[PDB]
Amino acid sequence: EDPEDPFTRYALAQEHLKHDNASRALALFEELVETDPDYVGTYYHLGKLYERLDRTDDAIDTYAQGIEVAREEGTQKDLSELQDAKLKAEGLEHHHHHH
């Protein structure tokens, strides 16, 4: 187990969230997207973190990317959660746009 492995650094990013180092967790999840666009588990947790930081628009984008890889690469479990997490984010700022 190295913090370079996708699941390990993902789980470690969750630990950074718990230590209030949300900024360090943010960088981990954002890198997880750019390097491993396949890893659906990132997109959920990164978007949730975006909503915390009032980056709700960025969250919508991350969930949408997640949806594509959830339906093809992930499972229906992933797909439903990402579609759900964005539809509530559409109503946070209530300034959501047509994707």
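Looking at the method field of the entry, one finds solution NMR.

Colleague: Give a detailed account of the overall build of the chain, specifying residues and quantitative values.
Modeller: Scanning the chain from terminus to terminus reveals five helices and zero strands. Ordered by position in the sequence, the α and β elements of the chain form the string α-α-α-α-α. A globule of 99 residues ought to have a C-alpha radius of gyration of about 13 Å, and the chain, at 13 Å, matches this closely. Projecting the C-alpha coordinates of the chain onto the three principal axes gives extents of approximately 40 × 30 × 20 Å. In the chain, which comprises 99 residues, the share counted as buried stands at 37%. Looking at the chain alone, contacts between residues at least 24 apart form 40% of all its contacts between residues at least 6 apart.

Colleague: Which residues make up the nonpolar core, and what values do they have?
Modeller: Of all hydrophobic cores here, the largest spans 23 residues; its most connected members are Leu 17, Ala 25, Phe 29, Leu 49 and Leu 82. The set of elements that each furnish at least two residues to this core consists of α1 (6–18), α2 (22–35), α3 (40–52), α4 (56–72) and α5 (76–89). No other element matches the six residues that α2 contributes to this core. What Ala 25 contacts, discounting residues up to four positions off in sequence, is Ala 13, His 16, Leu 17 and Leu 49.

Colleague: Before we move on, could you go through unusual backbone geometry and cite the residues and values that matter?
Modeller: With phi around 60°, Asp 54 is a residue other than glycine that occupies positive phi space. Of note, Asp 54 is situated in the loop between α3 and α4. On the accessibility criterion, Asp 54 (69% relative accessible area) is exposed. Positive phi, close to 60°, is recorded for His 94, a residue that is not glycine. With respect to the helices, strands and loops of the structure, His 94 is situated in the segment after α5.

Colleague: A description of the pattern of salt bridges should follow, citing residues and the corresponding values.
Modeller: A pair can form between side chains of opposite charge whenever their charged atoms are brought close. Summed over the entire model, instances satisfying the criterion amount to six salt bridges. Residues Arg 55 and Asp 58 are paired through a salt bridge, measuring 3.0 Å at the closest nitrogen-oxygen approach. What makes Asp 58 partly exposed here is its relative accessible area of 24%.

Colleague: Go over α5, please, and point to the residues and values.
Modeller: Taking 1.5 Å of rise per residue, the 14 residues of α5 would be expected to cover 20 Å, and the 20 Å separating its terminal C-alpha atoms lies within 8% of that figure. Turning to α5, its buried residues are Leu 79, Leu 82, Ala 85, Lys 86 and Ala 89. For α5, the arc enclosing every buried residue in end-on projection is 140°, short of the 170-degree limit, so these residues lie on one face. Of the exposed residues in α5, those oriented more than 90 degrees away from the buried face are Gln 76, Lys 77 and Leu 87. The inward-facing, buried residues of α5 contact α3 and α4.

Procedures and definitions
- Residues numbered from 1 in each chain as written, not as in the entry; some residues may be left out.
- Heavy atoms only, no water.
- Helix = DSSP H or I, 4+ residues; strand = E, 2+ residues; numbered from the N terminus.
- Rg over C-alpha atoms; globule rule 2.2 N^0.38 Å.
- Buried < 20%, exposed > 50% of the residue type's maximum accessible area, 1.4 Å probe, protein only.
- Contact = heavy atoms within 4.5 Å.
- Core = buried A, V, L, I, M, F, W, Y, C linked by side-chain atoms within 4.5 Å.
- Salt bridge = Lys/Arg side-chain N within 4 Å of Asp/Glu carboxyl O.
- Expected span 1.5 Å × (residues − 1).
- Arc of directions from axis to C-beta.

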